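Chain naming here is simple, since letters A, B, ... match the order of the sequence lines and numbering starts at 1 in each. Any value given below was found using the heavy atoms of this structure, including those in side chains, with hydrogens, waters and symmetry copies removed.
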Amino acid sequence: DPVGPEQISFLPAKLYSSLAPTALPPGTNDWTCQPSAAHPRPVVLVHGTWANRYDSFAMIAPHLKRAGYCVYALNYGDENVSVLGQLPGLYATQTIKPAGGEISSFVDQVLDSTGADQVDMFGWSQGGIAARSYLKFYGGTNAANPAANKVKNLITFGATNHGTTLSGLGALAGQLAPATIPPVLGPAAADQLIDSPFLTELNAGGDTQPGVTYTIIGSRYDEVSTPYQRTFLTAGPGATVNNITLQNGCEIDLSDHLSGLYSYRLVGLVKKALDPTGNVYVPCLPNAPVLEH
Amino acid sequence: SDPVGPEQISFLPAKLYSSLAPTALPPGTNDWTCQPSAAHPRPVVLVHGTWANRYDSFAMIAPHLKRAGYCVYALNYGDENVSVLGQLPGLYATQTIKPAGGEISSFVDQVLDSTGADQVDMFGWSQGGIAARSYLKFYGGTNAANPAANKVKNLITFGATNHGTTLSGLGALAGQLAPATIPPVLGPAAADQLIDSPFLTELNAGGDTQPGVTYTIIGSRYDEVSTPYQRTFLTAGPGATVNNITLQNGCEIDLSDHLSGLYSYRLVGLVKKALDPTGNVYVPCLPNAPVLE
Ligand SMILES: CCCCCCCC/C=C/CCCCCCCC(=O)O
Ligand SMILES: CCCCCCCC/C=C/CCCCCCCC(=O)O
Ligand SMILES: CCCCCCCC/C=C/CCCCCCCC(=O)O
Ligand SMILES: CCCCCCCC/C=C/CCCCCCCC(=O)O
Ligand SMILES: *[C@@H]1O[C@H](CO)[C@@H](O)[C@H](O)[C@H]1NC(C)=O
Ligand SMILES: *[C@@H]1O[C@H](CO)[C@@H](O)[C@H](O)[C@H]1NC(C)=O
Ligand SMILES: [Ca+2]
Ligand SMILES: [Ca+2]
């Protein structure tokens with residue numbers, strides 16, 4: 001409902017969201033927006049674990065708006081049982097599969113409001129696999145008639161597409177018992193570990209659904225979703241996969257799991273994937289991690 | 001409250017460790033067989049900060065003090081289970097601050113009994129400093145009739161919120177916090193550390209010091225949690241000494257913030273020198289980074 005200001009760094013945006021947990025980023029969920037000729041498809045942004053639409057997209061969303069897209073973002077996976085779930089603005093703690101249902105409702109609203117046939121979708125971290133749930137289980141895709149898919153492009157950053165070894169926690173990654181973390185961390189934390197039930201089910205039979213064009217971006221220095229290459233997808237029949245290492249061609253971009261959202265290079269990569277025939281400017285600028293290394 | 005963790009050299013790995021073992025002791029600490037030597041006859045008691053514990057706070061300071069020849073002791077205090085943050089593992093000192101003095105009294109008595117010593121020296125990080133001052137003022141850490149028999153001889157602090165904080169790291173967002181809505185979320189300790197809070201008012205009423213105590217009060221120019229940083233400094237009352245130290249004086253490359261610099265070699269030297277004035281302690285000057293970029 002309220003609109004917060006444009007941001008350039010993740011933790012300031014998070015702090016703002018902790019006092020305004022339902023805020024929208026600039027340029028987002030204007031339900032009067034009409035797709036243009038250059039950009040027929042609305043863009044749906046899907047946040048990550050313990051995050052919201054504001055702290056995830058307070059830079060990406062304004063940039064996509066200035067580029068001429070209609071931009072939309074939901075908040076999802078909200079629950080109040082886990083400890084972290086009780087903190088303001090930490091969403092997407094609920095077990096992940098039903099996220100696809102929430103996304104479906106939202107996407108229907110967006111299509112309904114814009115008269116477009118399809119949307120494009122960007123997902124951060126859990127967002128990505130939440131989006132894939134929608135693709136696989138909740139009608140994002142149409143197995144019998146791929147051309148009718150409601151999602152045309154899935155773009156993701158840091159997505160835990162095949163779970164994470166949590167390499168950044170060092171020796172502590174293995175001490176995490178999948179059974180004791182839900183009450184504290186929330187079930188989604190457990191759903192993103194290696195070979196979780198949800199990920200075995202999500203990946204059973206393949207990474208892709210036909211018709212969808214996937215752009216899967218990872219950062220070398222991501223230490224939340226690890227090894228970082230596990231984010232990459234393998235194309236199945238009738239699908240396209242472009243896996244991008246954020247650093248190939250720009251080693252001075254040191255984005256991590258969080259700072260990648262405020263990297264001008266990542267925004268460029270996203271805009272490129274959204275407008276492949278458009279000569280998009282993909283910068284190569286420095287960007288730092290959140291922590292000092 | 002007796003598993004011993006490894007020495008650490010960075011704060012966040014220590015905090016992570018503690019989250020899986022929230023009663024861990026830093027090395028060299030709470031050996032109740034330890035007898036103070038003649039060169040260092042006072043035990044050292046370490047008092048942690050808000051949302052912290054003895055491990056993440058002193059997993060560097062304690063091993064270093066132990067190798068310098070002190071008997072080292074540390075407690076966890078201010079544990080409550082009503083606030084949301086208070087429910088997370090190893091985030092202690094969320095309870096309202098004043099009564100922490102009482103816990104410290106208990107602990108100090110067990111230390112004196114265990115070692116035959118007349119006094120202790122004490123070190124406090126952030127809330128630990130004013131919690132320590134609570135003990136000094138309201139729970140018998142000082143003796144008005146006979147200051148010579150104060151149970152505490154030295155109080156050394158770092159980043160202590162001795163006169164409350166403006167939270168300048170939050171910029172204009174700090175003015176947006178409502179002191180009545182944060183207790184349930186962050187713990188009453190957070191509200192007690194705000195400027196002119198009831199607790200700080202009663203604690204500082206009538207002066208910063210008690211007779212017979214030597215105060216070494218350290219702040220860092222880059223501390224942006226206990227702000228303005230100079231507010232930590234104390235004014236000497238009657239029968240008291242205050243040595244107000246800015247960590248960056250004589251070493252502008254030490255860029256420690258509120259958390260790092262618990263892991264600064266310079267800070268550790270400063271504390272060792274305050275403990276051993278006549279001992280020609282080496283105080284290095286070395287580069288140390290903030291926790292964030
Ligand atoms: C150093 C990497 C360790 C693994 C990363 C784990 C935490 C990453 C969280 C990213 C989202 C924003 C953080 C806010 C919620 C913190 C909860 C937590 O620390 O588990
Ligand atoms: C993208 C998936 C991210 C999952 C990361 C979750 C783990 C990161 C570590 C967080 C600190 C450890 C949390 C401690 C909770 C233990 C609770 C318990 O079982 O008692
Ligand atoms: C949902 C209830 C809203 C009321 C406020 C909730 C606060 C959540 C945000 C906290 C940001 C950090 C505030 C830091 C104050 C700590 C004071 C200190 O450590 O000295
Ligand atoms: C969770 C363990 C951390 C212990 C203390 C945490 C401090 C939380 C307070 C945040 C409000 C202050 C604004 C942050 C500025 C960061 C600069 C610094 O750390 O010195
Ligand atoms: C995406 O990753 C798969 C394997 O994980 C690889 O076969 C494929 O070539 C990659 N695609 C691109 C465009 O890099
Ligand atoms: C801090 O202590 C110094 C001595 O180190 C003293 O001269 C000064 O007055 C004190 N500062 C304050 C604000 O009391
Ligand atoms: Ca919630
Ligand atoms: Ca503190």
Exercise for review: Check the surroundings of atom CD1 in B:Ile9: do more than 12 heavy atoms from other residues, nucleotides or ligands lie under 6.0 Å from it?
Suggested key: no
Exercise for review: Could you pull out all residues at least two apart from A:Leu87 that satisfy side-chain contact (heavy atoms from CB on, under 4.5 Å)?
Suggested key: A:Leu84, A:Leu90, B:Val84, B:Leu85, B:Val185
Point to revise | Under the side-chain contact (heavy atoms from CB on, under 4.5 Å) test, residues paired with A:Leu193 that sit two or more places apart | key: A:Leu166, A:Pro178, A:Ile181
Geometric donor-acceptor pairs, no angle filter, chain A-chain B, under 3.5 Å:
{"residue": "A:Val290", "atom": "O", "partner": "B:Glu293", "partner atom": "N", "Å": "3.0"}
{"residue": "A:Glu292", "atom": "N", "partner": "B:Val291", "partner atom": "O", "Å": "3.1"}

**Study point:** A:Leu291, part contacting chain B, at a heavy-atom distance under 4.5 Å
**Key:** both
Exercise for review: Check each atom of B:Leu20 against the heavy atoms of chain A and say whether the ones under 4.5 Å are side chain, backbone, both or neither.
Suggested key: side chain
Check your understanding: What part of B:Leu186 gets closer than 4.5 Å to chain A, counting heavy atoms only: side chain, backbone, both or neither?
Key -> neither
